[PDB]
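Comments concern the structure below.
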Amino acid sequence: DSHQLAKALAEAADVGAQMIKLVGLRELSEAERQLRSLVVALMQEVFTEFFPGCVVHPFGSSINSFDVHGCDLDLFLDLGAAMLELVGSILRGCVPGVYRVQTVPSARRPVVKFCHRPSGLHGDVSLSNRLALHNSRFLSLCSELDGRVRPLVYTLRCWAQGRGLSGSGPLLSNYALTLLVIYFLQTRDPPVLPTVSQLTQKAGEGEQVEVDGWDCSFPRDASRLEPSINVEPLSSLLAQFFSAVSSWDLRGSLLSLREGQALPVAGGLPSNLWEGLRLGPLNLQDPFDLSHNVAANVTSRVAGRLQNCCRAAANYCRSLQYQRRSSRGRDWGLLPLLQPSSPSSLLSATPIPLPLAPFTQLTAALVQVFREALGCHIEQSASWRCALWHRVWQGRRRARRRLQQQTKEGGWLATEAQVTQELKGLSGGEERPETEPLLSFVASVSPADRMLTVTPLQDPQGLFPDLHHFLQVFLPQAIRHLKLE
Numbered sequence: 010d011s012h013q014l015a016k017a018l019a020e021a022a023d024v025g026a027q028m029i030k031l032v033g034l035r036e037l038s039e040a041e042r043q044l045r046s047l048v049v050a051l052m053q054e055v056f057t058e059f060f061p062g063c064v065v066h067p068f069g070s071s072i073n074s075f076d077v078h079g080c081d082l083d084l085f086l087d088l089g090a091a092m093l094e095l096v097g098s099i100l101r102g103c104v105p106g107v108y109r110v111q112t113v114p115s116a117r118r119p120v121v122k123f124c125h126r127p128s129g130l131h132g133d134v135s136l137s138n139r140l141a142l143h144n145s146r147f148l149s150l151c152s153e154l155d156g157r158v159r160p161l162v163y164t165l166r167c168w169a170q171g172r173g174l175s176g177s178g179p180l181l182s183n184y185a186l187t188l189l190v191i192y193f194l195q196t197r198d199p200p201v202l203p204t205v206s207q208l209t210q211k212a213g214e215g216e217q218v219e220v221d222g223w224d225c226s227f228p229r230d231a232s233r234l235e236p237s238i239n240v241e242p243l244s245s246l247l248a249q250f251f252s253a254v255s256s257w258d259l260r261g262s263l264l265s266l267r268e269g270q271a272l273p274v275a276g277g278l279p280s281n282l283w284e285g286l287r288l289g290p291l292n293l294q295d296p297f298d299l300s301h302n303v304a305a306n307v308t309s310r311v312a313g314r315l316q317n318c319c320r321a322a323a324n325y326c327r328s329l330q331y332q333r334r335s336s337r338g339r340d341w342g343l344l345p346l347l348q349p350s351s352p353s354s355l356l357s358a359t360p361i362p363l364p365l366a367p368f369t370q371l372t373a374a375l376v377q378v379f380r381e382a383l384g385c386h387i388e389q390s391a392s393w394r395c396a397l398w399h400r401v402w403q404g405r406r407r408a409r410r411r412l413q414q415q416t417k418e419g420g421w422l423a424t425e426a427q428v429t430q431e432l433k434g435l436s437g438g439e440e441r442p443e444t445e446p447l448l449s450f451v452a453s454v455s456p457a458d459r460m461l462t463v464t465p466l467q468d469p470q471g472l473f474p475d476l477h478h479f480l481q482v483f484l485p486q487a488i489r490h491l492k493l494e
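Position 461 of the sequence shown, counted from 1, bears residue number 470 in my numbering, the numbering being contiguous throughout.
Following this line, the structure appears as structure tokens:
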């Protein structure tokens, strides 16, 4: 992980060589591709026995040439929930080697997750997703159009993973991030990649394909398209990326890869906002399905954190450490970007889900949960500054056991408070004047969605993550039990 990446990238030339070497290291080997193709052959053969004339299409991370080690194997089955169950049972029962089979109809794109034992692979089986095929082939096409695309995407992907800006949650999907990189490359003054409109209008004869009413047509080879007039190197394009996405207006702009342009949400959105297009903190238009915002799942927190981390990364890219190499210095160039973010930062990033309740009642409830039941000293969306001189998050089992033992030999809130107090007195201390808290933090609740965002202030012993997990479990319990009274 950090050993391989650091020792391999620190020894190579400049930033560009680092990016390319990173691509070389993280891309799938020949054996891995062989394994994948063989399993796909298994799937295809069995499904051909049961569904004559059906085609299993590998898509996603496999064919977009952004593939990484241990990536998912995504399969589109070309032949509603009941049919999904049928496919799942066929997987489970027939094709050899698959064991974990779990149906997920609930997603926007219903899929059957499966796990193949002998190859140790895993993936999704989608009954209908045809857009994934064509836009993945579009991605691979982009990687064919210019050679800087793949290094940029690999680097920025690993970076976003490190920063916790990408994920299966409210975070940006890898597809969304890739589309962001491509869009960035389309908007350069010497454009790196042609717009999707240009690819469709150029295209070629016999390449017409329409999926769900959207035109998926693009050239199948990069040879017929003229190269880029952009002479910019990798490092410059990286810094320019960070700067660009940090300086952009995300809420007021729908980024179109089709048009290669930022269209204002302010009523600069033609065709009456193509029906089914969700607007929000980040608006990124799919190059093919225009009614689909690939970033529609991205919340305000994630977008803001994106722009912040991109601003900090852009500031780093202007530094000397990034530009010039280092001899035996382990951290130079690409490496600090690829270095993962602090677990404290990562946890302050992820919010804490709270039960349904009126905002006012919920906030009052929370400050009650911090005031008593926890040793917190609190003071004034809603936000509170809390301080702790004791470890509240640990030892509560022994404490409540002790109290119940004193109950043996001799509703909510205050009882837990007793626990906290008896954690405090026997024995964390008597506290003290002059204070200087053990752990101090900030609790914030937004009106919608209602989620607690806990960020650390003073954490000398670095025990904040313990507190964060503790709160993750405890605060919903607190609110729930307070509701039960």
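Backbone N, C-alpha and C define an ideal beta-carbon position, used for all residues, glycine too.
- Query: Under a three-way DSSP split, which group does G132 fall into?
  - Reply: It is a strand residue.
- Task: Decide if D133 is buried, meaning its Cβ has at least 16 other Cβ atoms within 10 Å, or exposed.
- Result: The C-beta of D133 has 16 or more other C-beta atoms within 10 Å across all chains shown, which makes the residue buried.
- Alpha-carbon to alpha-carbon, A212 and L194: Between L194 and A212, the C-alpha separation is close to 20 Å.
- The alpha helix (DSSP H) enclosing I99, as first and last residue numbers: Counting along the chain, the alpha helix (DSSP H) containing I99 begins and ends at 90-102.
- Message: I need the straight-line Cα distance from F59 to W283, nearest angstrom please.
- Response: Rounded to whole angstroms, the gap between the alpha carbons of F59 and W283 is 39 Å.
- Less than 7 Å separating the beta-carbons of residue 511 and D475? Only positions 10 to 494 of the chain appear in the structure, and residue 511 is not among them; the question remains open.
- Item | Sequence ranges, alpha helix (DSSP H) only - wholly within the region 32-114, length at least 4 | Every unbroken stretch of the alpha helix (DSSP H) spanning 4 or more residues and falling wholly within the region 32-114 is given here in chain order: 39-59, 90-102.
- Message: On the DSSP letters alone, give me the boundaries of the alpha helix (DSSP H) that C167 sits inside.
- Response: First-last of the alpha helix (DSSP H) with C167: 158-172.
- Task: Would you tell me roughly how many angstroms separate the C-alpha atoms of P242 and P199, rounded to the nearest one?
- Result: Taking the straight line from one Cα to the other gives about 12 Å.
- Message: Count Cβ pairs between the region 155-167 and the region 179-190 that sit closer than 8 Å; are there 3 or more?
- Response: Between the region 155-167 and the region 179-190 there are three or more inter-stretch CB-CB distances shorter than 8 Å, so the stretches are counted as touching.
- Query: The beta strand (DSSP E) with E388 in it runs from where to where?
  - Reply: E388 -> beta strand (DSSP E) spans 386-388.
- Task: Determine which residues share a DSSP beta bridge with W393 and list them.
- Result: In DSSP, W393 forms a bridge with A452.
- Task: Report the residue from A321, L472, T209, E388 whose alpha carbon sits nearest the alpha carbon of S256.
- Result: For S256, the nearest C-alpha among the options comes from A321.
- Query: For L282, which three-state DSSP category applies?
  - Reply: Coil, per DSSP.
- Contact check, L491 vs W398 under 8 Å by CB: the rounded distance? Not really, about 25 Å apart at Cβ, beyond 8 Å.
- Query: Thinking C-alpha only, which one of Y192, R157, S280 is nearest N239?
  - Reply: The shortest C-alpha to C-alpha distance from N239 to any of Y192, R157, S280 is the one to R157.
- Message: Am I right that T204 and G269 are in contact with their C-beta atoms under 8 Å? What's the rounded C-beta distance?
- Response: The C-beta distance from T204 to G269 rounds to 3 Å, short enough to meet the 8 Å contact threshold.
- Looking only at its own chain, which residues have a Cβ that is under 8 Å from the Cβ of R35, when we skip the five neighbours before and after it? Only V77, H78, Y163, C167 meet the Cβ criterion.
- Task: Could you tell me the distance, in whole angstroms, from the CA atom of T369 to the CA atom of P119?
- Result: Looking at the two C-alpha atoms, the distance is approximately 37 Å.
- Opening and closing residue of the beta strand (DSSP E) in which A323 lies: Under the DSSP assignment, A323 falls outside any beta strand (DSSP E), being part of the alpha helix (DSSP H) whose first and last residues are 309-326.
- Query: So, helix, strand or coil for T416, using DSSP?
  - Reply: The answer is helix: DSSP assigns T416 an H, G or I state.
- With a Cβ-Cβ cutoff of 7 Å, do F483 and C395 count as a contact? Not a contact, by the Cβ cut-off of 7 Å.
- Measure the C-alpha to C-alpha separation of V428 and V463 and round it to an integer number of angstroms. Using only the alpha carbons, I get a separation of about 23 Å.
- Message: Pull the bridge partners of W402 from the DSSP assignment, please.
- Response: When DSSP reads this structure, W402 sits in no beta bridge, so it has no partner.
- State whether the region 284-291 contacts the region 206-223, with contact taken as three or more CB pairs (one from each stretch) at a distance under 8 Å. Too few Cβ pairs lie closer than 8 Å, so no.
- Message: Tell me which residue opens and which closes the beta strand (DSSP E) that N292 is part of.
- Response: Here the beta strand (DSSP E) through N292 covers 292-294.
- Query: Taking the beta strand (DSSP E) that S262 falls in, what are its first and last residues?
  - Reply: Looking at the DSSP string, the run of the beta strand (DSSP E) that includes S262 is 262-265.
- Task: Note the first and the last residue of the continuous alpha helix (DSSP H) segment covering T187.
- Result: 183-195 is the extent of the alpha helix (DSSP H) around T187.
- Item | For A358, the three-state DSSP class (helix, strand or coil) | If DSSP states are grouped into helix, strand and coil, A358 belongs with the helices.
- Between which two residues does the alpha helix (DSSP H) containing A141 stretch? Judged by DSSP secondary structure, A141 falls within the alpha helix (DSSP H) whose first and last residues are 140-154.
- Using the C-alpha atoms, what's the distance from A382 back to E425? In a straight line, the C-alpha of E425 is about 5 Å away from that of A382.
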